[PDB]
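**Student:** Chains as they are written, first to last, in the deposited numbering: chain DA, 20 to 432; chain CA, 20 to 432; chain AA, 20 to 432; chain BA, 20 to 432; chain CB, 33 to 77; chain BB, 33 to 77; chain DB, 33 to 77; chain AB, 33 to 77.
A single structure is presented below for examination.
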Amino acid sequence: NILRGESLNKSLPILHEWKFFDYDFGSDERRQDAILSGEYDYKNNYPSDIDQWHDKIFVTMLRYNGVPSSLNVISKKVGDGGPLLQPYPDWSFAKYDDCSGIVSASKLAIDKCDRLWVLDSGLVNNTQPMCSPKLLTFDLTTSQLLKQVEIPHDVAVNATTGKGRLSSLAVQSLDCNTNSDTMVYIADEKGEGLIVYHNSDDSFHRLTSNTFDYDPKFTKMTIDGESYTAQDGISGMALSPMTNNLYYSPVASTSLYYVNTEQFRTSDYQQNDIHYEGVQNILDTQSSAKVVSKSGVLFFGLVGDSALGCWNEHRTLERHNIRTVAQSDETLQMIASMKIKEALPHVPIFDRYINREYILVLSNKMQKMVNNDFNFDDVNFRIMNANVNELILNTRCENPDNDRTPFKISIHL
Amino acid sequence: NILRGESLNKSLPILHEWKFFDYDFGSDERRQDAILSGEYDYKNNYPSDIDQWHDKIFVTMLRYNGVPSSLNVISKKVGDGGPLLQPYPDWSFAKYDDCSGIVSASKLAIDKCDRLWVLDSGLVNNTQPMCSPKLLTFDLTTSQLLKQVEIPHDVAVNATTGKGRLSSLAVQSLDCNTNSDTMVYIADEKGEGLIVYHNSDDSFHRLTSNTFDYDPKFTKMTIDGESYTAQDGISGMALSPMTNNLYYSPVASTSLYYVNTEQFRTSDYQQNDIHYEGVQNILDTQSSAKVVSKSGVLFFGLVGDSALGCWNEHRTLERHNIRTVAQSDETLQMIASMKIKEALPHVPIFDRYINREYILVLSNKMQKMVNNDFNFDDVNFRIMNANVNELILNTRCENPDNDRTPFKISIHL
Amino acid sequence: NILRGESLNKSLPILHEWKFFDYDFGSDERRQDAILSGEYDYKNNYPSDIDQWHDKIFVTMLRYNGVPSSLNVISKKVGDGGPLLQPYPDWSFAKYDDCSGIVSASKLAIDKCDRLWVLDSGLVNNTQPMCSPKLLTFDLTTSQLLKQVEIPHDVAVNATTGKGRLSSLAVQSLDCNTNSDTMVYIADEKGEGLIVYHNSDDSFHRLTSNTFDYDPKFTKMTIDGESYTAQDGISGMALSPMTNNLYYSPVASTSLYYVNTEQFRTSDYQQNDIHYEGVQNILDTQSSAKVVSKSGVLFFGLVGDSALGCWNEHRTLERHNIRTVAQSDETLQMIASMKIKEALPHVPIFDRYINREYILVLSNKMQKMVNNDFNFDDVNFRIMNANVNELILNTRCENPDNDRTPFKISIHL
Amino acid sequence: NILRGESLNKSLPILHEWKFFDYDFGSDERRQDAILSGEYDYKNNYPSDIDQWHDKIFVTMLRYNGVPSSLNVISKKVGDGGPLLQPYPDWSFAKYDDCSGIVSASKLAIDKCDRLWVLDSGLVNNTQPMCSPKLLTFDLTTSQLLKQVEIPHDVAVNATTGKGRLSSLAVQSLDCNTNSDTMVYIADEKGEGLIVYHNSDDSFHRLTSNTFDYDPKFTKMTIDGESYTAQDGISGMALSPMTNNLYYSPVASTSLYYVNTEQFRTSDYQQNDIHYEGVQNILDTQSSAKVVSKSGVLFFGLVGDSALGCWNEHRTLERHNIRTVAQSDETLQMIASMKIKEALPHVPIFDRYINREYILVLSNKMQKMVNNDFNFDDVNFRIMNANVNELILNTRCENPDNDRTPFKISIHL
Amino acid sequence: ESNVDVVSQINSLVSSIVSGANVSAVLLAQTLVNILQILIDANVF
Amino acid sequence: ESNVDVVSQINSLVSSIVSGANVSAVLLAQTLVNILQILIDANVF
Amino acid sequence: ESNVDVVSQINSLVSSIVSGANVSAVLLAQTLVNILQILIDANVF
Amino acid sequence: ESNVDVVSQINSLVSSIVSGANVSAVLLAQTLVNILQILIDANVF
Ligand SMILES: *[C@@H]1O[C@H](CO)[C@@H](O[C@@H]2O[C@H](CO)[C@@H](O[C@@H]3O[C@H](CO)[C@@H](O)[C@H](O)[C@@H]3O)[C@H](O)[C@H]2NC(C)=O)[C@H](O)[C@H]1NC(C)=O
Ligand SMILES: *[C@@H]1O[C@H](CO)[C@@H](O[C@@H]2O[C@H](CO)[C@@H](O[C@@H]3O[C@H](CO)[C@@H](O)[C@H](O)[C@@H]3O)[C@H](O)[C@H]2NC(C)=O)[C@H](O)[C@H]1NC(C)=O
Ligand SMILES: C=C(CC[C@@H](C)[C@H]1CC[C@H]2[C@@H]3CC=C4C[C@@H](O)CC[C@]4(C)[C@H]3CC[C@]12C)C(C)C
Ligand SMILES: C=C(CC[C@@H](C)[C@H]1CC[C@H]2[C@@H]3CC=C4C[C@@H](O)CC[C@]4(C)[C@H]3CC[C@]12C)C(C)C
Ligand SMILES: C=C(CC[C@@H](C)[C@H]1CC[C@H]2[C@@H]3CC=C4C[C@@H](O)CC[C@]4(C)[C@H]3CC[C@]12C)C(C)C
Ligand SMILES: C=C(CC[C@@H](C)[C@H]1CC[C@H]2[C@@H]3CC=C4C[C@@H](O)CC[C@]4(C)[C@H]3CC[C@]12C)C(C)C
Ligand SMILES: *[C@@H]1O[C@H](CO)[C@@H](O)[C@H](O)[C@H]1NC(C)=O
């Protein structure tokens with residue numbers, strides 16, 4: 020039903036791939052010293068989120084014992100395992116012992132203001148909170164730390180359970196003029212909560228609901244046959260530009276919900292007022308990461324079937340409309356990050372001749388990380404690029420099209 | 020099943036359209052004189068076949084009482100009803116009273132030799148044979164009649180029934196060098212026969228089989244609700260460049276057959292030897308016209324459902340594989356001609372960046388012609404252009420694709 | 020004084036050169052047949068006038084016994100002696116036996132109407148009049164004989180002496196619109212007369228004066244040491260576009276005269292009325308050919324000194340102002356034709372950045388022709404091209420210049 | 020004789036011109052403060068030398084009481100009097116009170132190493148020595164003071180007279196590779212001496228001769244009628260790249276001498292050994308500034324006749340060969356600086372199509388400065404640019420030319 | 033030049049090119065000028 | 033674009049090129065557009 | 033220039049353009065030269 | 033392409049242009065390619 024027949028075994032073009040992660044320390048002797056000192060270990064590097072800016076591919080690494088730097092940009096030099104990473108901006112921010120630098124970069128987001136938003140989980144080994152979580156704003160043109168904010172402890176974790184790990188970050192800007200009125204949403208799965216931060220107000224508000232909680236029935240997740248158990252709440256938030264709707268789905272459930280950000284415009288923040296609209300059990304498997312294109316199409320990742328599914332916002336939300344586009348067991352093990360970008364430079368007149376939206380997907384084998392069974396002789400981590408219009412063409416997810424031009428150009432990285 | 024859900028109400032871009040057909044006699048007074056003399060009547064002009072050459076759109080008109088010229092090229096001048104036609108090459112060939120000129124041009128075909136092949140039905144009113152049928156070869160660069168051959172009477176019509184009308188023409192060239200070894204296939208529905216003409220041998224051979232005969236059960240054809248009865252044999256031949264297979268299907272049946280042209284290479288032409296391979300009743304409705312692209316995809320026209328269907332040659336021939344791409348009651352009433360062309364100039368290196376094949380489809384309302392109920396206040400005849408790769412993308416008909424380039428360009432007229 | 024010091028031994032770039040003249044009869048066998056029949060002889064070909072049109076170099080040959088064609092265009096094929104000539108337009112006009120074709124082309128002129136004006140001397144061997152002289156107008160775009168006029172016998176030759184040979188032709192057009200009001204001037208040295216032909220009136224008028232007569236003192240002319248005696252009248256007419264003044268000088272004198280064409284505008288043509296303004300004995304040697312550029316500079320050829328001299332019309336006419344630009348004994352033996360052209364296409368805005376006027380000069384050794392002493396192992400005939408502005412720069416002949424642009428471009432063939 | 024007839028009243032294109040000199044202090048209030056403090060006075064600014072680098076025009080100002088900065092680059096902002104100057108590199112070097120900055124920049128020179136050589140006269144009011152003379156080497160790409168050397172007192176001034184003012188500076192580089200072997204020549208007129216500085220040896224050597232001394236007979240100099248008396252020695256040194264000959268002429272004499280730099284290659288520096296080859300009294304008037312182009316043409320300035328003269332090195336040195344090119348009383352009052360540059364970027368293949376050398380000449384009215392009679396309502400100081408090849412074309416100074424290309428391009432600023 | 037006019041010119045030029053007819057030089061130059069002007073207006077360079 | 037304006041732009045561009053400075057891309061493109069438009073107006077093609 | 037090399041150059045140039053980075057002039061000129069040479073070899077003009 | 037060959041091609045092309053004949057497109061394109069290649073070799077860009 021949901022799994023489309025033609026989608027079977029279809030893969031995506033691979034922009035980059037790594038057998039493992041190697042860092043550009045400089046000379047080979049410096050790499051040897053780093054390995055000897057225990058700073059760098061190739062068995063404890065796992066990608067969390069990726070992003071792109073004009074020539075740069077930023078990748079976030081979960082802060083384990085052997086991680087040299089949490090946030091790294093892809094460098095031109097290519098190692099045997101894969102392309103070499105380079106600390107960003109420099110090694111000064113990589114030093115997290117003082118906690119001045121980034122401890123652990125969880126997710127990334129880039130707005131139209133050409134600003135990089137970095138979320139610091141603070142957790143080390145993803146289970147031990149070392150330092151306070153941070154929201155960092157960097158200027159991508161000057162490579163400087165524009166702003167740094169510290170998340171309050173009370174809003175970060177539940178007062179009852181006492182545990183909380185930030186998982187997803189989304190940035191919305193009603194107006195990115197001289198003063199950017201940006202409302203940042205941070206979803207913490209361990210706390211099963213949502214945090215709304217108003218940049219203008221410099222205020223954090225915590226919201227909780229029964230929808231954010233996990234379902235014990237669907238905790239088990241089977242990827243490529245191997246099964247692992249995880250108990251996490253709300254994660255994978257995608258904000259639709261067209262409808263201003265923030266979508267979400269608990270990690271341990273198949274139901275899909277969404278909320279309207281217009282309810283958050285009121286400074287009142289009335290508790291129990293927020294109305295969450297969702298459908299219960301519309302998917303056979305869980306959803307890992309979601310992203311909404313400006314055309315109005317939502318892409319999500321089916322973990323159990325190891326596939327990519329799409330849904331058109333204009334059409335009704337039901338199992339009939341939901342369809343898959345890409346299916347591959349090896350190419351798409353676990354989708355951890357999806358980012359939709361557009362071609363540049365922007366020309367208003369020529370937009371009719373060009374399909375500008377292209378999607379970047381990160382695939383890392385999380386079931387191997389959980390069970391500590393990684394074969395470093397194969398390609399473990401992949402980054403793929405695809406064209407949205409040609410990926411959703413002639414399907415249920417396609418938008419009403421009009422062929423008004425003699426030629427059409429499809430653009431992807 | 021065969022009718023795909025997304026294909027519903029989908030239309031194609033319209034290159035040209037006519038409320039009725041008007042000819043460019045020159046001055047308005049000449050048009051008035053032609054109308055007064057009875058040479059030109061706007062109620063007796065119906066398109067049969069279309070073709071394109073570098074700037075020209077050739078259209079064939081069935082020779083009725085009021086037809087000024089059977090074959091006409093689209094001219095730059097545009098009348099109120101539609102773009103004006105112009106006799107080709109001149110008015111000398113339009114004069115069919117002496118029979119020197121073309122009496123009635125049934126079908127057209129263009130080879131890679133830049134030669135135009137014209138089939139003369141000879142029939143006037145499509146029921147009365149006036150002059151002998153002809154095969155004409157014109158040079159499209161010099162606009163001269165290169166060659167003219169006359170079809171023998173015995174091979175033209177059945178000796179028993181005594182009736183026969185040529186319906187379909189296909190041209191195959193094993194080698195179009197200085198001497199063109201071209202085998203021309205002419206399918207006559209009224210005679211239920213096939214004629215193979217060898218240009219090198221200057222020989223015509225007639226072949227008949229039970230497959231070429233019509234089925235009385237499926238004589239009735241319903242277009243847009245209105246139903247008409249027709250009893251015709253084999254028509255709509257398409258020759259696949261990849262497999263050298265000539266496909267066909269009787270007008271009054273749903274079965275689809277094909278033959279291999281390699282059996283015709285032997286000069287023996289052993290009777291009852293030719294093996295025709297086909298499937299019985301794989302379509303709900305009849306097929307009007309068929310065309311095979313160089314990639315290996317066959318497009319046919321479902322008359323009853325008023326749609327366009329496709330089938331991939333690589334995949335097995337069955338109802339499961341057969342799917343529709345375009346469905347429209349008004350836009351596609353009756354598909355009388357389909358031609359697949361490629362973009363020019365040919366560049367071998369850049370072929371990976373461009374989808375070159377584009378299809379041209381002619382739609383005329385035949386059910387109105389049969390019942391003599393034509394509303395000349397609306398758009399009766401249409402010509403549409405589409406891109407094959409984007410039309411068959413993400414369907415059963417698509418070929419195994421590989422996205423090896425950052426950008427892809429789709430080209431259609 | 021007149022001979023400038025820096026001008027000594029200065030030469031001009033050579034566009035083309037011939038040891039002798041060879042014609043492109045076609046195959047070598049045709050050339051052999053022509054030589055055997057006596058039609059073609061390489062010892063009796065001498066250039067008279069040259070002209071250029073967009074790719075073509077027209078050359079006129081005096082009609083001797085062995086001349087195949089009087090008027091010939093330079094062809095692409097190159098013989099051992101030099102580039103091969105080709106009859107223009109075809110061999111039909113080369114056949115002068117019927118007198119329908121050109122007997123002997125004396126001089127050429129091209130107007131802004133893109134028309135070629137050909138003067139037919141009629142004389143064979145330059146001493147025997149065979150057929151009547153003709154004025155021919157050809158269209159250089161269609162290669163057709165637009166018009167042909169026959170000069171009356173009475174105006175052609177003196178009634179008293181009875182001898183007359185047309186030597187120089189000049190074309191002036193007050194308006195070259197749909198009807199070209201062109202006044203053609205033909206100077207005959209043997210008759211010592213001038214003929215004014217009005218194309219609109221189709222009338223020829225003959226004018227004579229004491230200035231047109233020769234001086235017996237200066238009959239002897241010494242070129243490169245070798246001296247020959249010639250008794251000829253007015254020749255070498257140049258019409259200044261700026262001042263509408265026709266300049267002339269008798270072959271056997273050094274005085275230089277000019278007349279105003281405005282006196283010829285009156286249909287009266289009052290005899291003895293025409294006022295000729297000139298200076299007596301301003302040159303050490305005789306002047307062969309003259310040409311006036313549109314800027315207002317007159318170039319003439321000093322036969323005795325074998326040099327090229329210039330005079331600015333704005334400045335006063337005296338020996339002080341007259342100066343030489345090019346001096347060379349071998350390169351410039353006898354200057355028989357000079358034509359000043361301009362670069363194309365014409366762009367009004369860019370004229371300030373480009374010096375457009377370039378001069379073409381023909382050099383043939385006339386003293387060798389008179390004495391019948393030609394060394395065919397050397398380069399006898401030459402065609403040279405030069406840039407006028409750079410040739411007259413920083414001299415008495417230069418016009419007041421203003422360097423208003425950062426860059427200046429000099430153009431010559 | 021020397022004054023060519025056509026050169027009369029000929030002027031040169033003016034790149035820039037000033038009624039007076041105004042500096043870009045910034046805001047108008049800063050200019051008002053500078054004027055009030057006495058730092059800036061418009062009556063005490065006189066140009067000494069000019070130079071050009073890729074977009075910059077460096078101008079040197081004699082250090083008087085009211086001079087804000089000795090060395091200034093032309094800025095984009097344009098004042099009412101003329102284009103505004105800007106201190107170079109900044110105001111730090113303009114502060115000469117500490118003597119760290121430039122006291123008085125006398126002359127400038129730019130080598131192929133992209134280095135600026137600045138000579139500091141040290142004299143204030145051109146009669147009082149305040150600080151020691153300096154040789155400064157600046158990098159024109161980084162705008163930094165690469166090197167600074169101090170000239171010894173003994174070699175700077177005569178031991179007997181005790182007076183000496185540095186007047187001319189020339190830079191020669193046998194090899195401008197990583198280590199630049201540059202021999203700098205400084206001619207001091209007041210000391211009537213020459214100083215050779217070897218950059219590799221860091222050694223200064225002083226040479227004197229009877230030729231360097233002035234002639235009392237020619238002390239008086241008449242410019243534009245007004246006469247002033249000056250007693251100065253050797254000045255205006257030009258080094259020929261082709262012949263490696265340093266030319267010179269005393270200010271108060273008309274004789275012209277030159278020396279060969281190869282004699283200076285020996286580290287011995289044998290006294291009275293150096294052989295100076297010159298001609299006595301070959302000019303009617305004195306020579307102010309000289310410059311030698313790479314083609315081999317020397318340009319000098321005739322002060323008395325207010326003209327520009329040229330001499331070809333290949334031809335013999337005599338009054339017959341020496342000729343003038345530009346003559347103008349108002350445009351060229353007193354030529355203080357001449358620099359010959361070439362077009363960029365350098366393309367070896369295209370050099371045949373382009374005349375690359377262009378000369379820049381500075382004209383300031385020195386006779387007005389001496390007599391303190393300056394009309395600030397008129398254009399006092401001018402900078403002119405001309406093309407060398409077109410300036411010397413068709414004269415005695417021209418080099419043997421060959422027109423081997425259809426088009427020639429002349430380039431000047 | 034109107035934007036719709038530029039779009040129509042581009043659509044005609046591309047159709048003429050892909051059709052195989054002889055493309056006129058003046059039309060191609062005019063289309064190039066219009067496209068370059070539009071790009072300049074967008075500060076692409 | 034006025035003809036005098038085009039002449040001034042050409043004179044500035046050529047001077048900047050021969051001077052050796054870094055020529056801006058936008059100015060070069062604008063000058064090229066103006067020159068092509070002038071050539072088209074003259075029916076050069 | 034090898035055909036595969038030209039294809040790689042085109043793929044790198046288009047990716048750099050659509051990425052938004054500053055495209056080097058020399059690389060663009062070299063790609064243009066290669067494309068024009070290929071078109072000339074195909075008798076497009 | 034040899035440098036002398038490029039010079040000869042440029043000399044023929046300029047002469048054909050200034051003469052007024054119809055300049056072939058293929059020759060102009062080849063000359064443009066050669067000139068651009070020479071400029072690239074000189075690091076003009
Ligand atoms: C026109 O003439 C041709 C003969 O040249 C006729 O073709 C023949 O048509 C009959 C049926 O009408 C065929 O009989 C069938 O044979 C198959 C076996 O091949 C058998 O299974 C069927 O039950 C039936 O008996 C016959 O084979 C066929 N001739 C050949 C050579 O194949 C044609 O029918 C004539 N047209 C009309 C309108 O009658
Ligand atoms: C500054 O000091 C220098 C010496 O270092 C002086 O140079 C000397 O000048 C005298 C004339 O004033 C020269 O005498 C002349 O010698 C030539 C032969 O070379 C002779 O033919 C003349 O009749 C005359 O006697 C002397 O040679 C020259 N020194 C050298 C080494 O050449 C210079 O004059 C001093 N400056 C002033 C203003 O006095
Ligand atoms: C066809 C070619 C050359 C490829 C070129 C002409 C195509 C391809 C990509 C197009 C740009 C896509 C994005 C964009 C971004 C958009 O904002 C403007 C158009 C532009 C620049 C397209 C311009 C045309 C491009 C560069 C050869 C290789 C056969
Ligand atoms: C992107 C553009 C300009 C459109 C141009 C660069 C694109 C479009 C069509 C492409 C040709 C298609 C066919 C073909 C036929 C093929 O054989 C060669 C490539 C070619 C000529 C393409 C060249 C590039 C074209 C002309 C603007 C309007 C934004
Ligand atoms: C500098 C170049 C290229 C030479 C080109 C750009 C120069 C030379 C001749 C100029 C034309 C002359 C005539 C004319 C005729 C005039 O009416 C318009 C300008 C034009 C076409 C000039 C255009 C610019 C030309 C072609 C390379 C070889 C270094
Ligand atoms: C003719 C034109 C355009 C002017 C252009 C094509 C001409 C003029 C200057 C030439 C450069 C001079 C210097 C040089 C420096 C030399 O090293 C390379 C040639 C070059 C760049 C010439 C190139 C051709 C130029 C730019 C229009 C205005 C009618
Ligand atoms: C003129 O120059 C040529 C070429 O250098 C030379 O051969 C000839 O002798 C020169 N003429 C004279 C009279 O010296």
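Here a beta-carbon is modelled for each residue, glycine too, at the ideal position from N, C-alpha and C.
Report yes if the C-beta distance between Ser-228/DA and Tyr-295/DA is below 8 Å; otherwise report no.
**Tutor:** Result yes, Cβ atoms of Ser-228/DA and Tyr-295/DA sit closer than 8 Å.
**Student:** Which residue marks the beginning of the alpha helix (DSSP H) containing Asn-390/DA, and which one marks its end?
**Tutor:** Per DSSP, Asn-390/DA belongs to the alpha helix (DSSP H) from 385-390.
**Student:** Compute every distance between the C-beta of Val-46/CB and the non-hydrogen atoms of ligand 4, then say whether any falls below 7 Å.
**Tutor:** Checking every heavy atom of ligand 4 against the Cβ of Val-46/CB, one is found closer than 7 Å.
**Student:** Do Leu-226/BA and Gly-210/BA have their C-beta atoms closer together than 8 Å?
**Tutor:** Cβ atoms of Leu-226/BA and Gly-210/BA: not closer than 8 Å.
**Student:** Rounded to a whole number of angstroms, what is the C-alpha to C-alpha distance between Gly-57/DA and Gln-51/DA?
**Tutor:** Distance between the alpha carbons of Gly-57/DA and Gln-51/DA is about 10 Å.
**Student:** Quick one: is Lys-62/CA buried, meaning 16 or more other Cβ sit within 10 Å of its Cβ, or exposed?
**Tutor:** Exposed: under 16 other Cβ atoms inside 10 Å.
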